[PDB]
Amino acid sequence: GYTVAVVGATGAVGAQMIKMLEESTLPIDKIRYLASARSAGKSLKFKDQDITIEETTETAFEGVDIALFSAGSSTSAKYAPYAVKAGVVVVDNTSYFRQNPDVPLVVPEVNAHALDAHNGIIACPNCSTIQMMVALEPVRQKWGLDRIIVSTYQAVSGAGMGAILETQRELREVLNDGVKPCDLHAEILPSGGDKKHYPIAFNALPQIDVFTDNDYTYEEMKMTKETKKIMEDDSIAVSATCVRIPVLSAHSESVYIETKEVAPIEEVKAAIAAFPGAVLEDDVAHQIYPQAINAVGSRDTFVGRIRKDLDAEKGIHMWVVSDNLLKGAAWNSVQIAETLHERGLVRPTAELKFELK
Amino acid sequence: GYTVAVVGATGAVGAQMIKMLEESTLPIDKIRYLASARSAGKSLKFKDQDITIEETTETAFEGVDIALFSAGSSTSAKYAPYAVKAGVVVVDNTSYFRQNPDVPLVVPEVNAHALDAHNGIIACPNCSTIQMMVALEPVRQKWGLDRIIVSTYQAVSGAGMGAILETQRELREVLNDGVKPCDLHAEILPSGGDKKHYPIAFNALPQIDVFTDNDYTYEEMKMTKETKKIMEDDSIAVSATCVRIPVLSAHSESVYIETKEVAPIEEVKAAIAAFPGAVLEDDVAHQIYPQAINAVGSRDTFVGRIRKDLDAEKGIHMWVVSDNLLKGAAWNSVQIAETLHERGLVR
Ligand SMILES: NC(=O)c1ccc[n+]([C@@H]2O[C@H](COP(=O)([O-])OP(=O)(O)OC[C@H]3O[C@@H](n4cnc5c(N)ncnc54)[C@H](OP(=O)(O)O)[C@@H]3O)[C@@H](O)[C@H]2O)c1
Ligand SMILES: NC(=O)c1ccc[n+]([C@@H]2O[C@H](COP(=O)([O-])OP(=O)(O)OC[C@H]3O[C@@H](n4cnc5c(N)ncnc54)[C@H](OP(=O)(O)O)[C@@H]3O)[C@@H](O)[C@H]2O)c1
Ligand SMILES: O=C(O)c1ccc([N+](=O)[O-])cc1P(=O)(O)O
Ligand SMILES: O=C(O)c1ccc([N+](=O)[O-])cc1P(=O)(O)O
Ligand code: NA
Ligand code: NA
Ligand code: NA
């Protein structure tokens with residue numbers, strides 16, 4: 001079996017990583033939980049076993065076969081290269097390595113073949129990107145994709161445990177204490193790493209991550225760039241608006257595409273139904289469509305409201321929902337680890353291709 | 001001055017109609033409040049004076065100069081023709097008359113001229129449509145509009161007082177009692193008039209109004225049809241996805257357009273800033289963009305996140321926010337009534 005390390009085991013994603021590993025098909029001989037020095041020395045469960053949390057350091061990866069990183073880009077930048085140097089295969093949830101040409105950027109149902117060429121780090125795309133790729137790959141395969149316009153409705157758990165607690169606190173202040181939403185004090189959202197903070201309670205914040213120099217946010221540009229890499233087609237036009245809403249878990253997306261060939265609408269429904277990891281939930285006669293509150297806890301990605309554009313012959317609109325901590329993060333990463341195991345790719349890399357920081 | 005009747009004075013929109021009328025430049029000699037038989041006899045304020053709510057009937061409209069209807073399509077269908085007959089000018093908030101070719105469908109900043117052709121009824125458009133029209137008209141005027149694709153983030157007050165209360169109760173059950181959102185009982189949302197009801201707490205419901213035969217909802221199709229009528233151009237392609245989110249007041253919209261001519265972004269920003277009723281809030285270097293919580297209580301429509309599409313030469317994305325009970329409903333209606341007064345059309 002393997003020795004598996006979870007880096008960021010104490011976080012929002014980390015907690016789901018533990019659950020996904022407990023339920024995985026990976027043969028696990030030893031589990032290690034890694035976090036900051038603040039958590040090091042405390043205890044967390046794996047199934048019924050108590051596991052002592054360790055500090056993430058350049059030397060924490062000895063004997064580890066597979067490490068799953070969900071501790072923020074800076075932690076991955078700092079330590080993933082040392083893990084690779086120790087002989088580990090790293091599956092990284094963060095944005096840091098995603099656009100590195102030596103790093104496969106993988107959703108297993110879509111581009112598992114890219115795993116074959118790994119150099120010790122495999123990147124998991126952004127949560128919003130993953131669920132969109134699951135929904136759209138079955139369409140791309142049959143009718144092609146010319147462009148994508150997406151508007152997201154993103155849950156707060158993607159911003160971490162603190163963001164969840166801040167959201168809960170704000171909502172209670174309004175509903176229990178009678179605080180006006182515009183009077184709320186916020187410290188984290190929309191972005192922990194930005195200068196100003198705004199309430200999320202009863203609000204819709206059109207900022208996820210920080211702004212880039214083209215006036216799209218980093219989250220929007222992640223969707224654009226990761227789509228082109230995952231689908232291996234730079235010709236796919238992608239523009240996104242990423243909005244945080246008061247949901248704790250599960251992202252929703254209003255997705256518009258134009259295909260290359262006209263795609264019969266009922267066949268689009270059938271192709272999505274037929275695609276592993278995608279569930280067709282679409283019966284408007286009975287008000288059946290994907291809903292965030294129903295998707296929480298499931299590894300599947302749910303797709304409905306599928307319908308042609310009123311004017312563009314090749315245009316299609318749909319609604320895509322998935323649990324952002326599962327298929328959006330922890331489940332995609334554990335699925336990657338299972339795929340690596342199943343295809344004989346869990347082995348130390350020959351040459352180091354990543355800068356030590 | 002005028003005798004003004006508010007039909008549906010007791011509802012979410014009606015309460016704002018009262019507020020907007022109290023703050024209006026309309027000369028009001030007499031105010032009357034009308035609702036259903038079960039609200040009749042109760043009392044409600046207009047400024048400092050107590051007004052008795054009356055039951056809406058076929059003959060209740062005697063003496064009235066202006067009637068503002070915000071009591072749902074069925075009430076307007078039933079009673080508005082009788083008010084017109086009695087010589088009242090009706091301003092109707094509902095969907096019922098909006099696509100009647102003899103009824104002006106008006107956003108005063110955009111198509112006030114259409115009021116000149118009225119035959120006793122003027123329709124106020126759908127809330128989501130109104131704020132979109134305020135944002136996009138200044139662009140249409142200079143560079144044209146070829147198509148619109150919009151995804152909305154709609155507040156629950158658009159579904160009435162019941163929906164607001166249902167949303168608050170659901171959220172408290174989750175946060176205070178630890179009920180899972182998927183276990184909540186719901187009676188109103190997504191649509192009071194549809195068969196199945198779903199929780200809105202911690203959710204996003206991709207249904208507003210009921211479904212039509214082409215699998216878009218009536219809400220989505222209103223945005224399409226009302227846009228074409230208001231802008232008086234059937235060639236503007238419009239497709240919408242309308243979603244309810246856990247916000248009590250103020251709708252937000254992610255709006256994509258393609259213009260007919262390339263519209264430089266700084267000029268687009270300046271055209272929107274120049275347009276009455278639109279306020280530019282767009283300074284991403286200081287994280288300035290419209291937000292629902294800041295828009296509540298203002299009659300303005302706020303526009304930001306304005307940027308070029310990454311690929312389409314003529315494509316532009318933006319973010320549009322307005323209080324749905326104000327510019328989206330009660331303020332648009334009162335502004336129509338003021339415009340009627342100012343232009344001598346209260347006949
Ligand atoms: N200060 C507050 O008011 C506040 C509010 C909410 C939660 N918290 C607690 O503080 C922790 C951080 O909150 P969060 O919202 O950032 O959690 P999170 O975003 O959901 O997860 C962050 C993960 O990254 C790990 N991490 C952070 N710095 C690291 C480093 N230098 N090396 C390796 N791993 C590192 C964290 O470990 P650590 O757990 O060791 O930091 C945690 O496992 C949480 O575990 C939570 O229990 C504090
Ligand atoms: N006083 C009572 O004991 C009592 C009992 C039941 C309901 N209600 C009222 O019913 C409303 C139910 O909430 P909601 O979410 O449906 O409100 P809403 O959508 O926010 O507003 C609906 C408005 O339309 C009016 N209306 C409905 N049917 C009508 C008819 N046949 N003729 C004329 N006006 C009509 C309502 O008056 P009404 O207020 O008369 O419905 C109300 O003013 C509440 O606003 C409440 O005021 C009052
Ligand atoms: O931005 C992201 O996509 C992202 C997603 C997940 C995680 N994580 O630690 O699980 C971290 C990041 P980010 O690159 O740190 O912001
Ligand atoms: O659906 C609508 O557009 C709408 C909007 C406002 C009001 N109202 O009574 O203020 C009613 C309707 P609807 O046509 O009753 O559903
Ligand atoms: Na499937
Ligand atoms: Na094998
Ligand atoms: Na057109």
Side-chain angles (χ1 to χ4, degrees), chain A residues 1-2 24-27 65-66 89 107-110 112-113 115-116 118 130-142 256 258 266-283 288-290 295 298-304 306 309-315 318-323 326-327 331-332 335-347, chain B residues 132 136-137 139-150 223-225 227-240 255-263 309 312-316:
Chain A
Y2 302 108
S24 78
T25 53
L26 222 44
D65 300 298
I66 302 166
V89 182
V107 180
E109 297 91 342
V110 182
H113 68 85
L115 296 166
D116 291 352
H118 82 80
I130 300 174
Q131 66 185 65
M132 187 170 76
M133 296 296 93
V134 177
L136 295 186
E137 175 63 8
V139 184
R140 191 198 63 77
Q141 276 170 3
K142 291 194 183 231
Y256 174 79
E258 288 170 5
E266 291 296 302
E267 293 186 23
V268 172
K269 295 186 185 170
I272 291 167
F275 190 78
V279 171
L280 179 71
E281 280 192 323
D282 200 337
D283 177 3
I288 298 309
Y289 34 70
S298 166
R299 297 167 176 73
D300 278 324
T301 291
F302 301 91
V303 192
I306 295 155
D309 189 80
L310 294 177
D311 299 278
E313 293 200 334
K314 295 176 190 184
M318 63 182 74
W319 182 247
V320 178
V321 175
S322 202
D323 188 325
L326 297 183
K327 184 55 170 166
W331 164 243
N332 200 69
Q335 195 181 21
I336 286 168
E338 286 168 356
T339 304
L340 291 163
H341 160 70
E342 289 159 12
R343 301 184 179 205
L345 298 171
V346 184
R347 27 88 183 158
Chain B
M132 191 168 69
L136 291 183
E137 174 64 5
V139 186
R140 190 201 60 81
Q141 283 172 2
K142 294 170 178 281
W143 305 276
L145 289 179
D146 197 24
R147 79 183 291 193
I148 305 165
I149 301 169
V150 52
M223 293 191 81
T224 292
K225 294 179 169 179
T227 291
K228 294 167 187 278
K229 185 171 183 170
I230 294 155
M231 288 181 155
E232 303 175 359
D233 190 349
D234 288 322
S235 80
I236 300 163
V238 187
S239 293
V255 180
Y256 173 78
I257 63 173
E258 283 167 4
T259 54
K260 284 182 171 308
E261 308 293 339
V262 176
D309 191 81
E313 184 179 29
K314 294 175 186 182
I316 297 173

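First listed ligand is number 1; within each ligand, the first listed atom is number 1. As a basis for the values below, the full set of heavy atoms in this structure was taken, side chains included, without hydrogen atoms, waters or symmetry mates. Chain letters run A, B, ... following the sequence lines, proteins first, then strands; residues in each count from 1.
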Testing the basics here: between B/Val238 and A/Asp311, what is the closest heavy-atom pair and its distance to 0.1 Å? N-OD2, 3.6 Å

Are A/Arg299 and A/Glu338 close enough for a salt bridge, meaning some N to O gap below 4.0 Å? no

Could you tell me whether the Na ion (ligand 7) has an N, O or S atom of A/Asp311 under 3.0 Å away? no

To make sure I understand the geometry: which N, O or S atom in A/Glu342 is closest to the Na ion (ligand 6)? O

Can you tell me if an N/O/S atom from A/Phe275 lies under 3.0 Å from the Na ion (ligand 5)? yes

ang(O A/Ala273, the Na ion (ligand 5), O A/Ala278) rounded to 10° is 120°

The reported gap from CE in B/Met231 to CG in B/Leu136 (rounded to nearest 0.5 angstrom) is 5.5 Å

Any idea which heavy atoms bring A/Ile66 and A/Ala337 closest together, and the distance? CG2-CB, 4.4 Å

